[PDB]
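Down below is the structure, laid out as structure tokens.
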Amino acid sequence: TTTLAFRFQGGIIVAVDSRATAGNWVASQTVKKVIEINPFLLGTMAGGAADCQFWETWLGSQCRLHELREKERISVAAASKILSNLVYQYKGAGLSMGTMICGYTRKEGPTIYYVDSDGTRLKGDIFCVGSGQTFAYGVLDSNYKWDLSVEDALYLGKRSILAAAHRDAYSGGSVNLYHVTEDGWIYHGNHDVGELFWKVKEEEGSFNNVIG
Amino acid sequence: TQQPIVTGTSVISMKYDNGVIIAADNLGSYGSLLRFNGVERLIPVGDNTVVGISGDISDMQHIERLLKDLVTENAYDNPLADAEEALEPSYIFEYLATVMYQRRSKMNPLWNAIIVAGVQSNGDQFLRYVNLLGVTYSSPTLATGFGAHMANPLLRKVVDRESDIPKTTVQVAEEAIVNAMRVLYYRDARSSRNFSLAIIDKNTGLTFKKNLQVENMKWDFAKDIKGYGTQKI
Amino acid sequence: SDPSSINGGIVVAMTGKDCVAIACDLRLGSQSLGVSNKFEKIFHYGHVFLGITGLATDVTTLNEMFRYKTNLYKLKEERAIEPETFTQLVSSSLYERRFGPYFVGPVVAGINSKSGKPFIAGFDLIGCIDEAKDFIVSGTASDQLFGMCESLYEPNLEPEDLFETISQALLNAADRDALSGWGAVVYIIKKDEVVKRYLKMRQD
Amino acid sequence: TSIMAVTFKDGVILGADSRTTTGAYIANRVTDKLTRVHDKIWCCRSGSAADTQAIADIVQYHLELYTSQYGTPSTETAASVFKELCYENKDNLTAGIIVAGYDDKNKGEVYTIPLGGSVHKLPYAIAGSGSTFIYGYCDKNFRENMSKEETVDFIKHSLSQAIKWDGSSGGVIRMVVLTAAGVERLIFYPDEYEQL
Amino acid sequence: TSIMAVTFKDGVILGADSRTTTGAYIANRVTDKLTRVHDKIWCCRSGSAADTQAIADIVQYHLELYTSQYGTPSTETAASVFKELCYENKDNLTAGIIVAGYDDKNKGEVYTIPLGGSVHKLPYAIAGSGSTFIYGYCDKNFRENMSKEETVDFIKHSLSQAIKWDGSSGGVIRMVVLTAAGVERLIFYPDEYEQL
Amino acid sequence: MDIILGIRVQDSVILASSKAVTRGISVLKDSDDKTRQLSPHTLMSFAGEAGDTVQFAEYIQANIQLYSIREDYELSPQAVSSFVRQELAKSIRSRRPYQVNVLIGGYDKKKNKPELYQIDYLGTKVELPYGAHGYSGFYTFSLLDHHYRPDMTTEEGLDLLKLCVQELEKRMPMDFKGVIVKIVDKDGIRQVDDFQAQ
Amino acid sequence: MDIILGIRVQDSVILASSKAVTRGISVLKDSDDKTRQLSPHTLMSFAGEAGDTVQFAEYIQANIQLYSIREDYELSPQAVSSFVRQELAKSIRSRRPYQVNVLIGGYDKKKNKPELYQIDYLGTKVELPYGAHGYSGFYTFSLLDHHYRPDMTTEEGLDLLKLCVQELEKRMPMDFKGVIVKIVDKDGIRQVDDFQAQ
Amino acid sequence: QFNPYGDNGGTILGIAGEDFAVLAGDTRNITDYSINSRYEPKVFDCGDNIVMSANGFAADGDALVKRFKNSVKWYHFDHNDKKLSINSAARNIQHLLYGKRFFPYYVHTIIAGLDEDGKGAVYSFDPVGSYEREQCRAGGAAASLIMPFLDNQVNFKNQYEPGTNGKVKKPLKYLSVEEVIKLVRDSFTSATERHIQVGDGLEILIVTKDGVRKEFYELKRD
Amino acid sequence: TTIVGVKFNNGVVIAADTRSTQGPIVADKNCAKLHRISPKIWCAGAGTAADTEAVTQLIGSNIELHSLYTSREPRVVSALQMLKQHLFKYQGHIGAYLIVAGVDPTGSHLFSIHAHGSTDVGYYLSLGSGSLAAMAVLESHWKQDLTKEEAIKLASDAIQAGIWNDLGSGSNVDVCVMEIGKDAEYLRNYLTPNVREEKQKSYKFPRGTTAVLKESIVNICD
Ligand SMILES: *C(=O)[C@]1([C@@H](O)[C@@H]2C=CCCC2)NC(=O)[C@H](CCF)[C@]1(C)O
Ligand SMILES: *C(=O)[C@]1([C@@H](O)[C@@H]2C=CCCC2)NC(=O)[C@H](CCF)[C@]1(C)O
Ligand SMILES: *C(=O)[C@]1([C@@H](O)[C@@H]2C=CCCC2)NC(=O)[C@H](CCF)[C@]1(C)O
Ligand SMILES: *C(=O)[C@]1([C@@H](O)[C@@H]2C=CCCC2)NC(=O)[C@H](CCF)[C@]1(C)O
């Protein structure tokens, strides 16, 4: 698994791979690793599929309930702490989750919180979670600029996942893109890594060590 | 979680054209000690069902009590307890299956393997198995423990699939079962020569036979076997 | 821990009309880390082909061993070794290490130069021989390969047809295995000639 | 397993069940646990079938070479060879062996060699898992200098009880009679000994 | 431990050795393993001394309350109370108990309750580590409807054998006779039973 | 583990190796050179078990220098890597295996081309454009996969390595105290004494 | 573990805490502030188990702010440290103990003196001139034992800490990504935004 | 020590067609190297045009199916006989499974039916409730033998247009129920050849706007 | 695995199934478990395949050499003694479980050997996971003084009991008859009751379907 999220001038980019494996068995090449909490909030899933899917969907329900109660959009800080505190109640039971809670509110602006099953909750600008994380970090760390264009930012995120999909045996299948704006997130497609790799290799000139 | 102490071995059964047959020896083992010999492991319930039990004997006795209570209870405020509202073999099984799975789910199982044999009110044959794990299944022939390995192959040579049921008579069927009981006495080190057998026929009803014995055994050829290879005398 | 799941890789051999094919992926990894996309698992001594899956260090060692043995064989016999004979050599060489085996899954493919008969065989890590008439699979995606072969395969396929079959079996099996892929090569073998083709596949 | 050896007036008789198991499965129901190591020196085997066979085969070999050089070996000498093998290799063997032989000067003799490799000369001996159940019975019913018929009866009744309570014992009861008259093989079937 | 209960013509007799160990040490050599739960319903205890004492004490309590409300309990009812306690608490108990009582309508009765908590009604029963050695002997020498003298002899001979082979059994042999005539306590010393 | 990186450019091979030597709770040295010259045009870097590491390196060094004297010739990089792979392949099945991973960077004066070989303690050998041992590859391969070009100059290679080391210094939990860099080409082996800020 | 240092000088208490947050193989953050203000003149630093760390700190923060509102008064540093010690002493014998170590630095406005308290997850509390949790003390205590003086100025304290951090950066195997420093005195709590090169 | 789990073997297959869907499974039930039954249905019609199978540990599989059927029953009771849509059933099953997150139903479950647009649908679940809507999914023992095949023959993976130099992918024309049934049967006969736990019989349940229909085929019995 | 031996009036017959497995996967659907030690001494093997084969060939080699040295026909008891002493020495590490039979100058013989080195003699025997299904048949139909034809039938049925009821056994039945005065007759695939039905579809791909990157001729001639 490789998932990433980063903050920039245009909001937030969220990119994930779509592979599921149990040992050496590729269970699927088309899994969703992004949960649309609600029209304004996205969550990434790394670790346990069931744990992330279940609690991130439940988070959505808590967020909605908050908005009905307070007649106001929930903050990313508050949304992420609901998940964090829930997960913390289960500490030691065996939950397995590495996640990013992403939103863009008027009050906070673009915000990303890393939340895991250890009970860790970190606010940050860039995060990568999964067995492919180190690969994505290399690409992200050397090309990231706060002043990136929504177009370039989207490409950077897609490229970083591609890097990981290539080197990490547990990452691959396709890439799913998202752009988070204050008015909500925008889906930016599903890109099969198979086709994406060759295209990027040619157009970019990278992956020279691979015969094409 | 526990561990079986006094145990009963195989329970074999099969269905023929008009009913089902089920048998089980009368032994209650204690490890390698063949401790008790007057143990009845076939439990008749009413006159259309027989429950054969293998595994822990203390748990079997417990199941016995559960079964007697079912009968008592079913009779309560039931003017049709001996007619339209009498216990069906399928009700008895569903009940036991429920208990077995609940007990394994609480990590405190009834250490048994059970076969419920009987005839439904509409005449249909009923044969289904349930064990300590709550696992259940049906087949023209059913056997637990050792009998699963040695009896099923023999009984299946008679009824290999559904269509063979209507072609099988009580005589043929009872013969198979009796032969299987003898085989088990030859190769199962926890078996007994004495056993009980029960027939549940949609016409003749429930026939329960006690004190049967394995007969017609071949041992003479043993005199011809000496040494373990090169020895001549 | 499991020596046969450290580096990854697969190999598959098939028989066809007066021909045989043997194929393999090109991956060499370190658990989840891909390391090389040019690690071929097919070798040949004269007209006999040997594919080896499993622990890479042993794949390399075994190849060097059999090159060494078939070279001496040729110098004494004054003829190149045949598929049938080589299979016996592979078998006894593996059993010789019965209690400290090479962690590999060899596969032999070739045509007997005198009878023209197509030949393929598989081995377990201690030499047990499997002489199949249809196909032989080996590697971290051998289950997937069995599924692919048992369906896609049919007798007496012509070289050009067997090529498509062997390739589709290899490729689709590899894409369901995290430790296989990163390229693939297929060998089409006939009495007179042998063609080697590199396939295009996903690189993730 | 249930095996025993009993000395009597005219010599000695060896007896045993015929069951070999692998768990609760009866791998062989007509096993011959009475093995010849010399014309009038036999043994009863219990424990590992592989180990006792290997031991016996070696003893037979040793006594054959002994005979070629120094004539017929004494039963005591045979028990010493078994002992040597069982004691010196105690860490890797699981063998409970009873040695019984007929000598003209010594008549019948019985030596039991249990797990550790120790040797014990006795009027009679029982061994095997089934023997635990007949210690009381045998201790009450054994008498020295019994007749052939009496001894065959003692052994038949004892083993039938061992076979009755022990699931590791069963099949037929085999006996070997060793006297000056020679070697006699006896066998008793279930139908007979079960109703004793 | 070696304990047994035997029904006969006039009722039933319970018997037992008097040894309690803690390893190879004899903690008590004059133990009384025959315990009264009611006037004519007693039990033989084996396994844990602490567990069997606690079980018995509770059974006695239950039968005392039973008596106050519904009169004298049947031996079957006493065995049911033991059973309930032993089965429902099988995970935390180590108790091998034999229940024996005298009824006027039923005469003598014996129920054995082994480790699992199962119940078994028998003409007679043996239990305890020492019992393994007398399965054969008892099976051969038991007869139904024996006389008081014969039964006392059967039990005395059986237990003397159990005591002989089992290091966990020893001391004196105690017996309790239950008949319409009442309750009788018997004791036999080593010097007597050892030379049987 | 330590940092062991290798990059083969157009006319040379560059090896970067961490300088720290840590033992438990303390960093004992910060100028350690985890390399041995096997021959004028062949360099070997290494990482692994505390004592095995140098003992193995020097043992190989001794054997190659002995071959050089006996034959008055310099074995090709490919030949040297095969010798090393076989030593490690014997070692893995011996009583106590050498727990050492290596990178062999050499300039083949006959072919006039640089060569990089990666071999682990099991005797697993592979020839690559760039390689690493340990966790190093996890942080740097995505960068190399991207910027690598077969016609790179030594200078471009050094810049690409610098980028890798910077990623390593940002994301890796351990302080490996920088790296020592060495270049191997047609003129031999030389050390870039200025990488502490290149 | 992380770096948690404390030094009590003449009129203030200074707390230095590492900025790195590492999870396995990657350093996830390098600007983490391992501190919580409990009251205007009381600061608490902390290190330990991943989630327990912050959950505990904030729980204490909540309780002290609640006390402040209810009583419209600020508990003395000694009182706050006693409350914290008792919470940890209960926790150690609970189902799942808080694995958190802390330093409480506060300025007692009544006594007009700074105070430093060190308390581990077992509820072991001690008052010191300077302290630390984890391995930090092993490298820095010899320096503090030497240069420490009760009349030191805040400025001298910062210089002594700087020396400690430099020793930590030289001998410690992990890259803790520098420290964030905070001063607590009669005027409250303030952060030294300039220690990246002071 | 007591092990609350067992493995009854078996393999199941779910394929969604444009306006239909199938859920197949062999009828062999096993324990170790013994056959418990050559015919023990494993795919069930749960009402509301939904078929389901929970393969793996049979006791857990039965409990789940039974629990879900009872769930459909109460759905009707509590929501004026409203029909339970395939997507709602899926979410429901997720909760049933996640409810035992710390003592899981040791099964791989799959349901098939038609979505609210009449299109064929399949949902496959994790033993603990993770789920995804998919085109086709094999579950159980031979799953690893079947999926590769399906990727190739259903989604035409790795297949290109002859002569295009692998530059043009083979067009994804979609299959009919007849063509799908063939792939299912070939999948199982192939699985039956290489997996000792697959065999005896193949029972398929077909879902269309007209309801649920069943087909049965024998499989090798060795 | 199911292997059996059955003595008849003038000889002995052995049979075996042809399934070979790696875990739950069938690695070989038609392996041969019948090995020749010498022309008239054949062996049926169960357990670790490489071991049954290797041990059978080793002793067979030494038996041939012994035959040449003594100018006599090999005796079954010799193969048995050599096999058991070899297996005993390896304390069960050579997983060979064999049924050795044959005719020699002293008559016809039937024995079994277990991995640890213990041997047994009988008129009928069987080893392997299918052992119990087979033995049930043998304990039910065996009788003394069987004809060559009856023996072949009994042995053959015993193997089938395994193919059908044991998941560890399957495919075909191999037989070998060794009669006192004739040549031993090896009947490879005496029974083939598990032929795969014709597939539902042909998966032959249109040429060009696979994408190719590079192509080249391989040099075999030196
Ligand atoms: C990635 O984290 C993994 C994915 O399978 C799951 C599946 C769906 C969404 C959450 C992430 N998780 C894993 O356990 C697996 C192997 C890790 F070694 C994965 C492919 O990396
Ligand atoms: C008896 O000791 C046992 C026999 O199988 C062997 C077989 C042949 C002669 C020597 C004795 N040995 C056993 O291990 C077995 C089970 C014991 F629990 C046996 C039946 O008792
Ligand atoms: C007999 O069972 C034992 C007796 O000590 C107790 C004591 C009093 C009455 C109940 C039985 N129980 C033992 O544990 C002990 C050692 C067994 F190895 C005993 C002597 O056999
Ligand atoms: C039978 O014994 C087994 C066979 O695979 C081998 C193969 C060829 C001839 C020798 C026997 N052995 C096994 O280990 C395997 C599974 C056992 F559970 C087998 C099918 O039963």
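Naming convention: chains lettered A, B, ... in sequence-line order (proteins, then strands); numbering from 1 in each chain.
Rounded to the nearest 0.5 Å, atoms CZ (H:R38) and CG (I:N165) are 6.0 Å apart. Rounded to the nearest 0.5 angstrom, I:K201 NZ and H:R185 CZ are separated by 14.5 Å. Note that the CG atom of I:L132 and the OH atom of H:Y33 stand 14.5 Å from one another [nearest 0.5 Å]. Taking CG of I:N194 as the reference point, atom CZ of H:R221 lies at 10.5 Å (rounded to 0.5 Å).
The environment of I:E215 atom CD is dense: over 12 non-hydrogen atoms of other residues, nucleotides or ligands sit within 6.0 angstrom. The local environment of NZ in H:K169 is sparse, with at most 12 non-hydrogen atoms from other residues, nucleotides or ligands closer than 6.0 Å. Other residues, nucleotides and ligands contribute at most 12 non-hydrogen atoms within 6.0 Å of the NZ atom of I:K153. Remark: H:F57 CZ is packed, more than 12 non-hydrogen atoms of other residues, nucleotides or ligands lying under 6.0 Å away. In this structure, H:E215 places its CD atom where more than 12 heavy-atom neighbours from other residues, nucleotides or ligands lie under 6.0 Å away. Enclosure of atom CZ in H:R101 by more than 12 non-hydrogen atoms of other residues, nucleotides or ligands within 6.0 angstrom is indicated.
Of the two parts of H:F149, only the side chain, counted from C-beta on, holds a non-hydrogen atom closer than 4.5 Å to a non-hydrogen atom of chain I. I:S169 touches chain H through its backbone: at least one of N, CA, C or O sits under 4.5 Å from a heavy atom, while the side chain does not. Using a 4.5 Å cut-off between heavy atoms, H:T189 contacts chain I through both its backbone and its side chain. With a threshold of 4.5 angstrom between heavy atoms, H:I30 approaches chain I through side-chain atoms but not through N, CA, C or O. Proximity to chain I (any heavy atom under 4.5 Å) is shown, for H:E178, by neither the backbone nor the side chain. Neither the backbone nor the side chain of H:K170 has a heavy atom closer than 4.5 Å to any heavy atom of chain I. Within the 4.5 angstrom heavy-atom criterion, only backbone atoms of I:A27 (N, CA, C, O) approach chain H. Residue I:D28 touches chain H through its backbone alone, counting heavy-atom pairs closer than 4.5 Å.
Checking each of H:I35, H:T31, H:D222, H:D32 against I:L167 for a side-chain contact (heavy atoms from CB on, under 4.5 Å) leaves exactly one that passes, namely H:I35.
Between I:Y203 and H:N152, the side chains place no donor N or O within less than 3.5 Å of an acceptor N or O (distance only, hydrogens not considered). Under the 3.5 Å distance criterion, with hydrogens and angles disregarded, no donor-acceptor pair is assigned to the side chains of I:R196 and H:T192.
Contact count against chain I (heavy-atom pairs under 4.5 Å) is highest for H:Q153 among H:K167, H:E179, H:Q197, H:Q153. Residue with the most contacts toward chain H among I:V212, I:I25, I:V195: I:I25 (heavy-atom pairs, distance under 4.5 Å). Heavy-atom pairs under 4.5 Å with chain I peak, among H:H195, H:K182, H:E193, at H:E193. Ranked by heavy-atom pairs shorter than 4.5 Å toward chain H, the options I:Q200, I:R19, I:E197 are led by I:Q200.
When side chains are defined from C-beta on, H:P162 does not count as touching I:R207, because their heavy atoms never get closer than 4.5 Å. No side-chain heavy atom of I:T210 sits under 4.5 Å from any side-chain heavy atom of H:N158.
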